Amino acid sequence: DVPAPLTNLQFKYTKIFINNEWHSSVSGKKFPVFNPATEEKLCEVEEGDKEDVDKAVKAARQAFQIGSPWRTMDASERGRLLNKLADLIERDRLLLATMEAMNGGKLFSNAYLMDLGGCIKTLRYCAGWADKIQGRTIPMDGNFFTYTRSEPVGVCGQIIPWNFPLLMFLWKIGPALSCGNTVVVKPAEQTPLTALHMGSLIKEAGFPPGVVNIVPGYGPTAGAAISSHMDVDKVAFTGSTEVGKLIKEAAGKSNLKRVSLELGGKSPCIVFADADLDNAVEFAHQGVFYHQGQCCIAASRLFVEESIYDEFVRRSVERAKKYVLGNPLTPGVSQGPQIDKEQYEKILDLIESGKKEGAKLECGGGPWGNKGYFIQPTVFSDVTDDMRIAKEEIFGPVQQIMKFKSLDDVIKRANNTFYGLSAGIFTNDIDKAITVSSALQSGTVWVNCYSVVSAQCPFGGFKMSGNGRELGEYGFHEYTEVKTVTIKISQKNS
């Protein structure tokens, strides 16, 4: 029961957000923001660059000064503000969902129920942690009194992707602000709109100027200025592993700022013969095709045991033929477009390599329509580990299905990749559930389900799928800087 999407939305927030005020780009330049499904320009946004980032950083630095409103404020007041922001997102839910679907080529019903719902739940979760961030009193040797302070890291630059614009935005600012940090968020050049709208909500909630600064623009420009900035204490990034590498290097060549990364993946999904077949097929299906396959945790490597392999493929191909491509804002459409032309052509090149390397094409395998960047739901069987589509992150509606015999070889193959964001295991065996999930080198491992991500759960990947964890209890520790204070006393007592 989702309301009707808005049609005539007029855009209001298109500028750079610094100190709760709207600024034009120092350069004067602007960049176009389009609708993925129709290719028509939604509006133009100020093009932030290095000089715009420098202004944002100084504002964030000033807001983090000892004695400033944001730092003397009660931790509980910090939580109340986050909850108030969630209230404003709840109010503007329809507008944000429509805007999100329009700019991101995202299905509206999902944007309204899933994305916006997660946005609200994440903020409310973060709100609760604010006055619960605690330090320790340590019984060290000698006559001393020692305690620690879980202080904020400081000025946090946060660079986010285009697949879940608003959600990624709140995933970053939620924990950061809950801990007392000041941020400089740089949204993807493809989807800055919902992020900019949040600026007005952040100002309306009552957050002190400089606590949240938003600088729209491109990556090599505004993003790089953040990663290499000498006054940014930490950079949080979510996107391609290729850029993630550049971020960590930039951090090293400059200020040695803390770095947290959430990169892509090539998540394996192992289905054993003793598993519930129906359950496995549906979860494995959604696991790869959700949001036109543009998910970090996409189950791009589906390992199925020989005895149930042929059958599993039949249902997978069957299930993949039940899609209606079109405008994500139009009722009935069950699959929208890819974000842009670059992404669209990347998926086609990979599909083509799959064909050329002997992969068995079951579904689609080509483009669709003449307006927008659509791709037919593609399925490939008899996919081998050495294949290009089995190694590289496609980030498109393309499913890979492999065959396995032994428990040991399938685990080895599942772990043979530089990625390790997530994985799925389907079995009704208690032992395989526990031991196999312990053996897989992935940040999150789902058993008899998939894609289940929650606010109270830490999320991140092993190996090259990222550094650190987000959300949950552990995620909040990534946004604090520990300080040990040791005081000499006459005589200590237990």
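Note that residue numbering follows the sequence shown and begins at 1.
Comparing 268-276 with 160-168, the stretch with the higher mean C-alpha B-factor in the PDB entry is 268-276. When the mean C-alpha temperature factors of 322-330 and 255-263 are read from the deposited coordinates, 322-330 comes out higher. By the numbers in the PDB entry, the CA B factor is greatest at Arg315 among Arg315, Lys186, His229, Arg124.
Considering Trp129, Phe207, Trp368, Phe237 together, the PDB entry gives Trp368 the largest C-alpha B factor.
Ranked within its chain, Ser465 lands in the middle third, by CA B factor from the PDB record. In the PDB entry, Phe145 places in the lowest third of its chain by CA B-factor.
Ranked within its chain, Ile394 lands in the middle third, by CA B factor from the PDB record. Among all modelled residues in this chain, the alpha-carbon of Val436 has a temperature factor (C-alpha) in the middle third.
Looking at the C-alpha B-factors along this chain, the one for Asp233 belongs to the lowest third.
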